[PDB]
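J.: Dropping a structure here in structure tokens format, bear with me for questions.
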Amino acid sequence: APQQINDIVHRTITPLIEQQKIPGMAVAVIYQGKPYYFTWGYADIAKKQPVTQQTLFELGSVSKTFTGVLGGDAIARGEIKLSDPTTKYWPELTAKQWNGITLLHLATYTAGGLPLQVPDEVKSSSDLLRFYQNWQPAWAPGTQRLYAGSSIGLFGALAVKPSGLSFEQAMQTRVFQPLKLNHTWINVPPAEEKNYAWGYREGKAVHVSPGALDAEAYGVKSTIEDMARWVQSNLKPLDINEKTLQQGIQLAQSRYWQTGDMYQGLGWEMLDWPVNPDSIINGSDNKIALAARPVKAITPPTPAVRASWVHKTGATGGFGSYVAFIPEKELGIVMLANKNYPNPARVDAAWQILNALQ
Ligand SMILES: *C(=O)[C@@H](NC(=O)/C(=N\OC)c1csc(N)n1)[C@@H]1N=C(C(=O)O)C(=C)CS1
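Residue numbering for the sequence shown follows the deposited numbering, beginning at 4 and increasing consecutively.
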């Protein structure tokens, strides 16, 4: 690393780890195209395994970025349109509240109050139809954004129906493989388990459990290297040889709705750069990030704007992550930790690092 990068990383990450008691963390900095890696602490406290560049972290809701891109790749292949009604892909959704709710609404949390999580009692396919058939909206479609795994989760499950593939198999073949993300998994294969960090919640070692629509909303595990390569791929999508993937990435950073000073893409969220850091830092706090807000349609959607801060927070019960980049500045960051610590602490550290490098 250039000395600039070590100094701001160490001066920023050391106090964060101490403040938050994070057992293991990996950071990548993307700077003038190339990634620079830092690791601290333990993947596995008990067995004294260090965090390395090969350690797998659970990405949590950062998985929604892969989901948004794969959905974008399906649009670009001609298989779906964001203007299609939900019912085109799930006809059994016959309850009348589903009228007028499109793929766009699902992908962007604007369907009218679909909930944060799919409840744990929803295990089977028929439980899932049931859950969506019996849900009643809080609002008309396309008036309020409420951040929701049940919403983007359903988008991803529907968006792969036309391809004929499982969502897993579509993600593998259409996103992971072409980008050479070869240590990124929805299901960790048994031979790779030795690299799988434990998550820590109130001291207990934990992994994420199976759940309805887990792959679509929070199901990806990856390494700091592969996540660096995911950021580079989203920073510079024209370098990607597969046409539909290249367009898919650009569709996921298109601006569909605005609330306050933020815009909703497909899994990614964006703000104009130069950004006010107060708004990203405070905006990431759950009190705000999880609240319903009114949305203004961007008519028509703005194509990926280079001069943007593009980002996503994610957590599971035992992990906490964050990815942010700025395409105009050829700059990005990935922060993976095996503890779920508050979002504003993540964003503030990323902001400290990146504004220092621009
Ligand atoms: C995304 O990260 C998603 N998070 C979750 O679904 C979980 N935990 O979040 C704190 C989760 C999934 S499986 C498991 N054991 N835990 C949504 N994101 C957030 C977030 O802070 O980004 C949440 C508020 C919970 S829901």
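Ideal Cβ positions, reconstructed from N, Cα and C, are used throughout, including at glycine.
#1: Spatial neighbours of residue 2 within its chain, please: CB distance less than 8 Å, with the 5 preceding and 5 following residues excluded, ordered by chain position.
#2: With distance defined between alpha-carbon atoms, name the residue in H13, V32, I252 and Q100 nearest to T70.
#3: Look at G335 and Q249 and say whether their C-beta atoms are less than 9 Å apart.
#4: Residue ranges of each beta strand (DSSP E) run of no fewer than 3 residues wholly in the stretch 204 to 284, ordered along the chain?
#5: Quick one: does the C-beta of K67 sit closer than 8 Å to a heavy atom of ligand 1?
#6: When you measure from the CB of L149 to every non-hydrogen atom of ligand 1, does any distance come out below 8 Å?
#7: Is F322 helix, strand or coil by DSSP?
#8: According to DSSP, is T316 part of a helix, a strand, or is it coil?
#9: So if DSSP puts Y112 in a beta bridge, which residue, or which two residues, is it bridged to?
#10: By the three-class DSSP mapping on this structure, what secondary structure does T17 have?
#11: Grouping DSSP H, G and I as helix and E and B as strand, with all else coil, what is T89?
#12: When we look at the beta-carbon of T17 and count the other beta-carbons within 10 Å, is it buried (16 or more) or exposed?
#13: Give the straight-line distance between the Cα atoms of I33 and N198, rounded to the nearest whole angstrom.
#14: Where do the ends of the alpha helix (DSSP H) carrying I356 lie?
#15: On a Cα-Cα basis, can you pick out the residue from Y45, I8, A359 and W276 that is closest to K37?
#16: Heavy atom of ligand 1 less than 8 Å from the Cβ of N285, yes or no?
#17: Using DSSP with H/G/I as helix, E/B as strand and the rest coil, what is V178?
#18: Taking 8 Å as the cut-off, does the CB of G159 come closer than this to any heavy atom belonging to ligand 1?
#19: Comparing C-alpha positions only, which one of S257, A255 and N279 sits nearest to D264?
#20: Given this structure, state the Cα-to-Cα distance separating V209 from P192, to the nearest angstrom.
T.: Here's the rundown:
#1: The first residue shown for the chain is 4 and the last is 361, placing residue 2 beyond what the model contains.
#2: Here residue 70 refers to the residue found at position 67 of the sequence shown. Considering only alpha carbons, the answer is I252.
#3: For this step, residue 335 is matched to residue 332 along the sequence shown. For this step, residue 249 is matched to residue 246 along the sequence shown. Contact flag unset, no.
#4: With a minimum length of 3 residues, the continuous beta strand (DSSP E) runs that stay inside the stretch 204 to 284 are 207 to 209, 258 to 262, 265 to 267 and 272 to 275.
#5: By one-based count along the sequence shown, residue 67 stands at place 64. Because some heavy atom of ligand 1 lies under 8 Å away, the Cβ of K67 counts as near it: yes.
#6: Start at 1 with the first residue of the sequence shown, and residue 149 comes out as number 146. Flag unset: Cβ of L149 not near ligand 1.
#7: One-based indexing of the sequence shown puts residue 322 at position 319. Note: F322 maps to coil in three-state DSSP.
#8: By one-based count along the sequence shown, residue 316 stands at place 313. DSSP places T316 in strand when its eight states are reduced to three.
#9: The residue you call residue 112 lines up with position 109 of the sequence shown. Its beta-bridge partners do not exist; DSSP assigns none.
#10: Taking the sequence shown and counting its residues from 1, one reaches residue 17 at position 14. Helix at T17.
#11: In the sequence shown, residue 89 corresponds to position 86, counting from 1. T89 falls in the helix class under three-state DSSP.
#12: The sequence position of residue 17 within the sequence shown is 14, counting from 1. That one is exposed.
#13: For this step, residue 33 is matched to residue 30 along the sequence shown. For this step, residue 198 is matched to residue 195 along the sequence shown. About 23 Å.
#14: Here residue 356 is taken as the residue at index 353 of the sequence shown, counted from 1. Its alpha helix (DSSP H) spans residues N346 to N358.
#15: Taking the sequence shown and counting its residues from 1, one reaches residue 37 at position 34. Of the candidates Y45, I8, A359 and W276, the one whose C-alpha sits nearest the C-alpha of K37 is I8.
#16: What you label residue 285 is simply residue 282 of the sequence shown in a count that begins at 1. Checking every heavy atom of ligand 1 against the Cβ of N285, none is found closer than 8 Å.
#17: On the sequence shown, residue 178 is found 175 positions in, with the first residue counted as 1. Reduced to three states, the DSSP call for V178 is helix.
#18: Along the sequence shown, read from residue 1 onward, the residue named residue 159 stands at position 156. Because no heavy atom of ligand 1 lies under 8 Å away, the Cβ of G159 does not count as near it: no.
#19: Position 261 of the sequence shown holds residue 264. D264 has its Cα closest to that of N279, out of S257, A255 and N279.
#20: The residue you call residue 209 lines up with position 206 of the sequence shown. The residue you call residue 192 lines up with position 189 of the sequence shown. Approximately 17 Å, taken between the alpha carbons.
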